[PDB]
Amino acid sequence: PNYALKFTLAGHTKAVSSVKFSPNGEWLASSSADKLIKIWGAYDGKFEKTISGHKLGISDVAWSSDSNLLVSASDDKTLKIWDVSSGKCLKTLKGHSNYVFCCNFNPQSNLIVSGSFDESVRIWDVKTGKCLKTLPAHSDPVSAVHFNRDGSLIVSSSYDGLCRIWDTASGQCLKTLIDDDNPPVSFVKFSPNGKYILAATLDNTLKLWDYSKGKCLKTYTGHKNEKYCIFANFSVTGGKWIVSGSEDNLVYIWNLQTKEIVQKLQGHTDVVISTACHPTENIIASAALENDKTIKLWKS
């Protein structure tokens, strides 16, 4: 593949924590330590609007499946749901007793999952803003939470070194993924077809798990990840890649099945905390920490 820099997006006055393409493919949303959400044109990199409300910085942000709603996870121990077009804050989800780190809508977008430094995972009702469930998920901060394709499953990861898979409806743990040693898991998500999960660990290692068999299938290295919870992705619109940020300021792209680094992206001046893949085009968004403060758009 041949991702080349097309756009640099400037505006956040602090570190960007997370970037996400809207499912309809028209927008990019960005979260920052500057307590703000910014929305950008996915194709032209053009600034669109600021969404504000959080009392502290934001670690994560997620789109509903109809691109109308945003959820954001903040250090002010709350989530807020946002009507994107109007800018309204529709609900504030309160219940976490520490930094909310990660969040996600289910496909049906009637639920939100959140993971927190209170070591718990919570399931929220979108429409009412009420917490449906609280799972005793981990013995250390929750780094990532994610629904599978049909929303039946949740996967969560944690500095405790574990990935657990949860039944959305009943809240019971269906599986604990554990390998030959448990370095902290910094990131986790299902593959789009929901057959696999990708997990990132603070030992400079990406791992592709077959979660039904419960066996680790592929491993992806060469990048540097010993400290931050760096988002990683499946790119599936062109070839099949793994895409991850890295603490050496590069964006890394691997061939999924042969595991070879096929492209390193240059440009950022600080840790690439976050990357995102466009739902229908060969586009990547990447974002960096305090010394860089920019978002880059790469097209292939």
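Note that residue numbering begins at 1 and tracks the sequence as displayed.
_Missing coords for residue 179 in a third or more of other PDB entries_ = In at least a third of the other entries, residue 179 has no coordinates.
*Per the entry, where is the mean C-alpha temperature factor higher: 113 to 121 or 80 to 88?*
The stretch with the larger average C-alpha B-factor is 80 to 88.
*Quick one: higher average CA temperature factor, 71 to 79 or 97 to 105?*
Stretch with the greater average CA B-factor: 71 to 79.
*Quick one: which of 31, 269, 50, 263 shows the highest Cα temperature factor in the PDB entry?*
Largest recorded C-alpha B-factor: 263.
*Per the entry, which of 43, 234, 254, 231 tops the list for Cα B factor?*
Across 43, 234, 254, 231, the entry lists the biggest C-alpha B-factor for 43.
*asked:* Using only modelled residues of the chain, where does the Cα B factor of residue 23 rank: lowest third, middle third or highest third?
replied: Lowest third of the chain for residue 23's C-alpha B-factor.
*Within-chain third of residue 168 by Cα B-factor, per the entry*: Middle third - that is where residue 168 ends up once the chain's C-alpha B-factors are sorted.
*Consider only the C-alpha atoms of the modelled residues in this chain, order them by B-factor as the entry records it, and name the third containing residue 138: lowest, middle or highest.*
Its C-alpha B-factor belongs to the middle third of this chain's values.
_Entry-reported Cα temperature factor of residue 5, expressed as the chain third it lands in_ = Its C-alpha B-factor belongs to the middle third of this chain's values.
_Assigned third (lowest, middle, highest) for the C-alpha B factor of residue 17_ = For residue 17, whose C-alpha B-factor we compare with every modelled residue in the chain, the answer is the lowest third.
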